[PDB]
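The next block holds one structure in the form of structure tokens; read it before the comments.
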Amino acid sequence: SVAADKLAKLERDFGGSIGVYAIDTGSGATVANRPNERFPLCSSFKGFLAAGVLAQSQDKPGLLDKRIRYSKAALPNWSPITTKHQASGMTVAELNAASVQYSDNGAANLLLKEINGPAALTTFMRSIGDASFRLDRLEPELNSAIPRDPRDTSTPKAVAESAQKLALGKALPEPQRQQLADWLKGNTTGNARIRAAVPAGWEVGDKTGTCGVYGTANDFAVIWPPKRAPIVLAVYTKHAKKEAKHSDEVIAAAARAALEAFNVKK
Ligand SMILES: *C(=O)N1C[C@H](NOS(=O)(=O)O)CC[C@H]1C(N)=O
């Protein structure tokens, strides 16, 4: 296809692999590249963590209102929101907002503890029919991104299909789906990635990941146009060389190629 050819050229210049899965929920059309290959999730797992916490909240009402207090010394690196609010604590809802919208690592590890760990999140994902997602480790060790290593990975197809089920479909009850959507829509970290390829002003709920090694970074998004049906897009990169840098521009370019196949151009 046009899109496949553009994605192949992006891979050649990048020197590594670009996994793409896009779904136009209007027509059902798809764009795929390396759809079933594993890529590290990095911070992108936090969008699915939010869905797993919301799933627990159907059981335990008031869960989003529960205030979590924590020590300063227990926070991992890259915890800007949780560090700032240590004296006040944060509610489970606030922690999800920081985890999803700022990629706060301390928030993500606190919510992992709330839902009983990476295996528990993986079980929730299996319960929606996602057989690919696996979370094995906590922040920051989950970002090692070692080539061929299956820990803390998913596939582009499974990321996009699960994002569809959770943020557009019925895997969560409607109030929880709306909350997940609203958290993703207020992300602040994705402006150079999928969003860079989306027409101005359209709502985009996305979650980025940047492992910081092996050219490994990613973004997945649900795009809500004003005039046409939602589109779901997952873009994941990896590279065989430890020192290879990830590229926002490559991710944005891959998003552009997929969206052009759906006749969406910024
Ligand atoms: C997620 O991959 N991480 C936490 C934070 N994420 O921000 S990003 O998703 O906008 O890149 C920083 C990078 C990374 C990490 N080092 O844990």
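Here, each number is a calculation from the coordinates, and none is a lab measurement. Neighbour counts are summed over all protein chains in view; Cβ atoms, including those assigned to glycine, are modelled from backbone coordinates with ideal geometry.
Can you list the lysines whose alpha carbon is less than 21 Å from that of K170, not counting same-chain residues fewer than 8 positions off?
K46, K60, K157, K185, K207
Rounded to the nearest 20 debye, what is the charge dipole size of region 1-262 about its Cα centre when +1 sits on each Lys and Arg Cβ and -1 on each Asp and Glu Cβ?
200
For region 49-119, what are the per-bin percents of Cα-Cα distances with bins 5 Å wide, up to the bin holding the maximum?
Histogramming region 49-119 at 5 Å steps yields 3, 19, 32, 26, 14, 5, 0 percent.
So, counting K/R as plus one and D/E as minus one, what does the shell of residues with Cβ under 15 Å around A131 add up to?
+2
Under the Kirkwood approximation for Rh and a Cα-based Rg, what ratio Rg/Rh is obtained for region 128-266?
0.96
Run through every distinct alpha carbon pair of the chain and return the Kirkwood hydrodynamic radius in angstroms, one decimal place.
This gives a value of 18.2 Å.
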